[PDB]
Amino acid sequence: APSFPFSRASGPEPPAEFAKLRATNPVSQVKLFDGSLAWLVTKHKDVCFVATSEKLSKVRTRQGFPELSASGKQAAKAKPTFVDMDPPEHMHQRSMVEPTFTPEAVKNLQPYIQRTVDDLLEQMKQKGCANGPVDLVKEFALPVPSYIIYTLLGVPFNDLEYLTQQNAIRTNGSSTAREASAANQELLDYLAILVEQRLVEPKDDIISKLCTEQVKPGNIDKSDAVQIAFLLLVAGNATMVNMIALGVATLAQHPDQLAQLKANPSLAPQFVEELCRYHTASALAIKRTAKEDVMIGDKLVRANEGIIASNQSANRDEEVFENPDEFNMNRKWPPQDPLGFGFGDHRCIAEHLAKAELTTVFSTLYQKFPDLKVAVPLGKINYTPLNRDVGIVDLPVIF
């Protein structure tokens, strides 16, 4: 059994193994870091099955859950939030915060998202490009998602820059285990204080809703409001940062796609849909443990055996998406949907918010900077290490 995670074929490409497994052995076993075996599903149809089956469990404490690293095993002991819950507890907790993430709530959030994006682009314009290229990640890609999520949670405006920097520390590769954990408690400590405030004097934010509707009524504890708040902040922020950078790098790679977008910004939604399929920035999140014997294809997964469904592989499934390795914003979409944000009950709570943020970024970026270009040769872009999810560490740009 080959060890998993697999390494990406190159900077922007998915692991080479998936294409082979899809063709010759769709449901197979891989070897995890601790020597244990898990089943890997690679076909779109099977990933959808794994994400919806009632015979499969998301509980991380269950012996058999496929942890991918030693640290992941230590994180499994902490008190679970809805992300690690099965029905009926899952929707019970997820429904407490989901109202802010609905399609309509996000539609009413558009003027704000647009304003935030405009302001950061304006700052980057004042910052200058005179003494050399700017890092698009620290100056734009990082602040955009952070300020928004922080503001939705309830963080004061003047605290955004410092808090955005700290959250970046947790996921920074050049960060010691020391620095990462001190950043975690810093944020955790701040959220707990914010919870104490909103209980006294609530506001128009996610924390005040939790305090008013769940904490006061005795539905959940104070520390529960803190854990949910923290989950919402750390869950997909790093992924959003990467998606923005990946979008810019992808447009530099295909001048034709860029030309179209510049000519018609209204194509941003189409660009965003293809980007989330093509670049599956979160490919190791759909993991389950069989609660009972289940047959997937010609395999039979026994009770208590772990499963990892690759949505990245599913997004490149020739059987579903024609010319899956070609990046085409003008692609004709099949009835089956891309799995960039998951599938089933655990499908990303922030899917609509994420797409709104990305659509605003890509329908504005090139209108502000029509001559924006990656200053380093494409082959030299500093992508994340091959053994992990696709991303870009820094992106020098001129405009």
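Position 1 is the first residue in the sequence shown; the rest follow in order. Take the two forms, find the largest set of C-alpha atoms that superpose within 1.5 Å, and that set is the rigid core.
- The stretch that strays farther, by root mean square C-alpha distance over structures and residues in 6 other deposited structures of this protein after a rigid core fit, is 175 to 183, when 175 to 183 is set against 285 to 293.
- Stretch comparison (385 to 393 versus 18 to 26) by mean CA B-factor in the PDB entry places 18 to 26 on top.
- Set 221 to 229 against 140 to 148 and average the Cα temperature factors; 221 to 229 ends up higher.
- Taking the PDB entry at face value, the top CA B factor among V234, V320, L258, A182 belongs to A182.
- In this entry, the residue among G306, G173, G297, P111 with the greatest C-alpha B factor is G173.
- In the deposited entry, the Cα temperature factor of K291 places it in the middle third of its chain's modelled residues.
- In the PDB entry, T52 places in the middle third of its chain by CA B-factor.
- Ranked within its chain, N315 lands in the lowest third, by CA B factor from the PDB record.
- Per the deposited record, the Cα B-factor of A70 falls in the middle third when ranked against the other modelled residues of its chain.
- When the modelled residues of the chain are ordered by C-alpha B-factor, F82 sits in the middle third.
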